[PDB]
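In: This one's a deposited entry, sequence included:
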Amino acid sequence: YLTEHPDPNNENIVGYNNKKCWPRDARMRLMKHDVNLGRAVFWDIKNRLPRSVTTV
Amino acid sequence: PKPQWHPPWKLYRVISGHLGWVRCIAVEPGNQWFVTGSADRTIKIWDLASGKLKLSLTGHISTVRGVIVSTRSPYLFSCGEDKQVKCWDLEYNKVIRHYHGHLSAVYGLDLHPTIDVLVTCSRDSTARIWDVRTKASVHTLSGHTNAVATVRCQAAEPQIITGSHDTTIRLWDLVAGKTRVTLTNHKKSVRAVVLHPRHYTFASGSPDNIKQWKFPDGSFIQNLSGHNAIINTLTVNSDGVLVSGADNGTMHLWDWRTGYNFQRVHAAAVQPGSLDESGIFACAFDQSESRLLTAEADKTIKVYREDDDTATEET
Amino acid sequence: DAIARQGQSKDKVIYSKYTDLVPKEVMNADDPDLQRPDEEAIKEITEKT
Amino acid sequence: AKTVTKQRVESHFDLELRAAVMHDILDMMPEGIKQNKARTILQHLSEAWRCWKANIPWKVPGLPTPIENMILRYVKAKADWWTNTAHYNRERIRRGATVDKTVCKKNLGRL
Amino acid sequence: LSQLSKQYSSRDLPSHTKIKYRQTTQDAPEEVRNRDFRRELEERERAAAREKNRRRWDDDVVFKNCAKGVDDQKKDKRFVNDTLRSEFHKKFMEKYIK
Amino acid sequence: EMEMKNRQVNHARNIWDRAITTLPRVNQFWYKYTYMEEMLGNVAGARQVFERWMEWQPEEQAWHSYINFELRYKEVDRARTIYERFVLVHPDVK
Amino acid sequence: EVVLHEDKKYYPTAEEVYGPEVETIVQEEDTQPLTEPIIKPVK
């Protein structure tokens, strides 16, 4: 998914991000494994990947 | 003989993004910023220097039908379909004062070059002359059987004029609290008016024919013909060419001192899929005439420049 | 031709004869005709206004 | 002392919309007829009403294609007047503070 | 006339009794008459237009990659004259209807 | 036409001249002028109608019909010169 | 291989490919803030 992600470095919120309200200060800031978690969300998209369907 | 080598006029840039058709257009005196009135009920401000915008003005109850830029003060005179004509102070990022006395929607507005006054073409047929800075008015201009399409005034001899839907172009002498003359030249309602830099002859136009009249004394100039369509606007530049915008989308450039126009411009500015019959509602010549702001009902403002070519054909 | 002046007649009418139908000659270059009066006319007119 | 806003601003926009449409409609035909132009405001007016308000194209057989195209243009502009303003109404409903009933459920029904 | 002056109302109170002349810092009429704005705008647009730049789990799936390499199909910045859907009312109706 | 049906007809003819000084429209001016000339004032009505038609724009059916009515009236001598002036104003094969 | 379910196409590509040399500019986001309304900082 990293090779399928067209960018060397910069990574936006992507599929899953911005979890704030209830654990405001107890949430995670960011990590390389968090970008790997966004690539895991892309691995869930491509893991299902229906041709024509309403998707996530 | 078509003299003075009329140069060809071409495109410059394309602009879009407005939420509604652009009713009016205006530019700063120093070419610093631009503004356009639009059908979206919000006054548009677009700085075109780099191709950018300026600001988004709000608070107009209806679509703004006209605007003006005061030379003395940073107050842009506002006129709209809401019948409320309010000069806006931009110094505080908020308006100057709201003029009163218009019985119906204001089809036009103008500012006197010397004295401080507010002119308006009011669809009640009433052309409002206003002593302004005092919050005062001046005088009410009547006599047009139909609504006033345009308004023009000058600090010279009482040249005042209001284009009327009644097919007779109105001429007001304001100085006495009075009028000037009735112009019967136009066979149909004149929706176009222009003031040439030659300043000798007042310019006007109508879908039937364009009427140019040499003033002050009631003299005329010439009858501009050869463009058959509804005439949206007429704008005379300093180079001797006057672009005529139409509701059908045909902008005809004008060679004037040659007796006939400088071009017939048929082009498609059409935006995405919604098109219909929408043409160019208004246009403005720049200060140096290096570009022409094109305001169309498609919400696309396209500046026009030239490629610097020889050409110069004839007919 | 003077019958068109019936009623109120003061200064500005400038329509009687049909000689005003077609313009006179064509566009020419003249300082007083094709431009404007002097600056004192706009100054006195602005002061009168 | 007009333009009271509330729901009265729309009536002035429709009346003023039918105003300039009468002048341009009178300027559409070089000669034509006089009284024939007055009745066209009803066919074009109501035809645009049911046209944009419904799913029917409201095509008139043997119609004045230039006048029907102009009234169709300005009719689409009137639809835009009921489009962006409805988008602002939905923003003023959910996010903004609700106002009474009529206007609220009205614009919700138009959306 | 010499009549029709009886009583006043609101919004008619004295307002903006002192106008504002153009300052030399904002706009000077003589400086505009001598202005270079033709070449100044040619050079401004010359600079602005001059510089613009910027594994058994995977095999057990009965399907394969379906949507891939499709991004620009939806225009990021597009101004559409049609107000029915376009970009705006597509997401607007998508969020308001579900 | 309502004032023309009256027994006076003097204020109706003078009102027709007031309409001549008003917008001619090139319809009610030539038609009303032909009605007045047909009513009375042959030499006078054809004189003012020829001066008016010779003032603002030429005509075709109104000019040819005016020269025909002026020719059949008494003599074709003046109608020959008027036909040469009207034909010279707008030459054509017809 | 044909089009997209939700997206598809409704009269696209018209304005983008219209002008060969034309550059269209549409800013719907901000177009400067309201802090300075093109005034003179004479403060």
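Out: Noted; the coordinates are in hand. Numbering: from 1, shown residues only, chains lettered A, B, ... in the order given.

In: got a list of what the residue most central in space within chain C touches?
Out: In chain C, the residue lying closest to the centroid (CA atoms, centre = their mean) is residue C:14, at 8.2 Å. Residues near residue C:14 by CB atoms under 8 Å, 6 or more residues apart in numbering or on different chains: B:181, B:217, B:218, B:219, C:20. In short, each C-beta sits where N, CA and C put it, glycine included.

In: quick one: it from residue C:4, how far?
Out: In this view, residue C:14 and residue C:4 are 11 Å apart by CB to CB, to the nearest Å.

In: So which residues of chain E form helices?
Out: Along chain E, the stretches classed as helices by DSSP state H are E:29-33, E:37-48, E:56-59, E:88-96.

In: Phi, psi for the residue lying closest to residue B:224 once chain neighbours are set aside please.
Out: Once flanking residues are discounted, residue B:224 sits nearest to residue B:210: 3.5 Å by CB to CB, 6 or more residues apart in numbering or on different chains. Backbone dihedrals for residue B:210, given as degrees, to the nearest 10, come out at phi -90, psi 130.

In: wait, isn't residue B:210 in contact with residue B:229?
Out: No - contact criterion CB atoms under 8 Å: residue B:210 and residue B:229 do not qualify, at 11.2 Å.

In: The helices of chain E: which one's closest to residue D:24?
Out: Minimum separation from residue D:24 across these (CB to CB) falls at helix E:88-96, 28.9 Å.

In: So the closest one, near chain D or not?
Out: Yes - using CB under 8 Å from any CB of the partner chain, helix E:88-96 reaches chain D at E:88, E:89, E:92, E:96.

In: could I get these as JSON lines with distance to residue B:260 and neighbour count?
Out: Putting the residues of helix E:88-96 next to chain D into JSON lines (distance: CB to CB, whole Å; neighbours: other CB atoms under 10 Å in any protein chain shown) gives the following:
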{"residue": "E:88", "distance to residue B:260": "45", "neighbour count": "18"}
{"residue": "E:89", "distance to residue B:260": "47", "neighbour count": "19"}
{"residue": "E:92", "distance to residue B:260": "50", "neighbour count": "17"}
{"residue": "E:96", "distance to residue B:260": "56", "neighbour count": "14"}
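
In: Could you point out which of those is nearest to chain A?
Out: When those are compared for distance to chain A (CB to the nearest CB), residue E:96 wins out at 17.0 Å.

In: before we move on, the earlier item: ok, and the most crowded of the contacts of residue C:14?
Out: Highest neighbour count within the contacts of residue C:14: residue B:181, with 22 neighbours (other CB atoms under 10 Å in any protein chain shown).

In: In contact with that one, which residues?
Out: Counting by CB under 8 Å, 6+ apart, residue B:181 touches B:171, B:218, C:12, C:13, C:14.

In: okay if I get these as a markdown table plus secondary structure and distance to residue B:116?
Out: Rendered in a markdown table, the data for the contacts of residue B:181 read as follows (DSSP: H, G, I helix; E, B strand; the rest coil; distance: CB to CB, whole Å):
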| residue | secondary structure | distance to residue B:116 |
| --- | --- | --- |
| B:171 | strand | 22 |
| B:218 | coil | 28 |
| C:12 | coil | 26 |
| C:13 | coil | 32 |
| C:14 | coil | 31 |
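
In: of these, closest to residue D:34?
Out: residue B:171 (26.7 Å).

In: can you pull the contacts of the residue of the stretch 1-150 of chain B found nearest chain A?
Out: Proximity of the stretch 1-150 of chain B to chain A (CB to the nearest CB) peaks at residue B:17, 24.5 Å away. Residue B:17 makes contact with B:299, E:79, G:25, G:26, G:27, G:28, according to CB under 8 Å, 6+ apart.

In: Without its sequence neighbours, what residue ends up closest to it?
Out: Spatial nearest neighbour of residue B:17, excluding adjacent residues (CB to CB, 6+ apart): residue G:26 at 3.0 Å.

In: The one you found contacts residue E:76, doesn't it?
Out: No - judged on CB under 8 Å, residue G:26 makes no contact with residue E:76 at a distance of 11.3 Å.

In: Next, the contact list for the residue of the stretch 151-300 of chain B found nearest chain G, please.
Out: Scanning the stretch 151-300 of chain B for the residue nearest chain G gives residue B:273, at 2.6 Å (criterion: CB to the nearest CB). The contact partners of residue B:273, by CB under 8 Å, 6+ apart, come to E:80, E:81, E:82, G:10, G:11, G:14.

In: In this structure the first one contacts residue G:9, no?
Out: No - contact between residue E:80 and residue G:9 fails when scored by CB under 8 Å: they sit 11.9 Å apart.

In: between these two, which one's more packed in?
Out: Neighbour totals were compared for residue E:80 and residue G:9, and residue E:80 leads with 26 against 9 (other CB under 10 Å).

In: Going along the chain, name the strands of the chain.
Out: You didn't pick a chain, so chain A it is. Counting by DSSP state E, chain A forms no strands at all.

In: that's the wrong chain, I wanted chain G
Out: Using DSSP E, strands in chain G cover G:24-25.

In: Which residues of it lie near chain B?
Out: G:10-12, G:14-15, G:18-19, G:21-28, G:31-32, G:34, G:37-39.

In: and chain F, which of its residues are near chain C?
Out: Checking chain F against chain C by CB under 8 Å from any CB, the hits are F:17, F:18, F:20, F:21, F:55, F:56, F:57.

In: what about the third one, which SS state?
Out: Under the three-state scheme (DSSP: H, G, I helix; E, B strand; the rest coil), the conformation of residue F:20 reads as helix.

In: if I look at residue B:36, how far off is residue B:77?
Out: Distance from residue B:36 to residue B:77, by CB to CB: 14 Å.

In: Then residue B:293?
Out: 18 Å.

In: And for residue B:217?
Out: As for residue B:217, its distance to residue B:77 is 30 Å (criterion: CB to CB).

In: now the helices: where do they sit in chain B?
Out: Under DSSP H, chain B gives no helices.

In: Of all residues in chain C, which one is closest to chain G?
Out: Distances between chain C and chain G by CB to the nearest CB are smallest at residue C:46, namely 26.5 Å.

In: Just give the nearest non-adjacent residue to that residue, would you?
Out: Distances taken as CB to CB, 6+ apart put residue B:114 closest to residue C:46, at 4.2 Å, once the chain neighbours are dropped.

In: Buried residues, the host helix or strand of residue D:16. List them.
Out: With elements taken from DSSP states H and E, the one containing residue D:16 is helix D:8-26. For helix D:8-26, burial by neighbour count (16 or more other CB atoms under 10 Å in any protein chain shown) applies to D:9, D:12-13, D:16-17, D:19-26.

In: now do stretch E:72-83
Out: For stretch E:72-83, the neighbour count (16+ other CB under 10 Å) marks E:78, E:79, E:80, E:81, E:82, E:83 as buried.

In: Quick check on residue B:210 and residue B:229: which one has the bigger neighbour count.
Out: Under the criterion of other CB under 10 Å, the comparison of residue B:210 against residue B:229 puts residue B:210 first, with 27 against 16.

In: got a list of what the more buried one touches?
Out: B:192, B:203, B:204, B:223, B:224, B:225, B:227, B:231, B:234, B:244.

In: Show me which of those is closest to chain C.
Out: Nearest to chain C among those, counting by CB to the nearest CB, is residue B:223 at 7.4 Å.

In: Can you report how many residues neighbour that closest one?
Out: 15.

In: same check, this time on residue E:66
Out: Residue E:66: 15 surrounding residues under other CB under 10 Å.

In: how far away is the closest residue to residue B:100 other than its chain neighbours from residue B:97?
Out: The spatially closest residue to residue B:100, leaving aside those adjacent along the chain, is residue E:11, at 7.3 Å (CB to CB, 6+ apart). Counting by CB to CB, the gap from residue E:11 to residue B:97 is 9 Å.

In: Equivalent analysis for residue B:241, please.
Out: 37 Å.

In: Between the two, tell me which one has more neighbours.
Out: A direct count of neighbours by other CB under 10 Å for residue B:241 and residue B:97 places residue B:241 higher, at 23 against 18.

In: ok, the nearest residue to the more buried one once chain neighbours are set aside to residue B:245 distance?
Out: Take residue B:241 and drop its neighbours on the chain: the residue closest to it by CB to CB, 6+ apart is residue B:262, 4.5 Å away. Going from residue B:262 to residue B:245 by CB to CB gives 15 Å.
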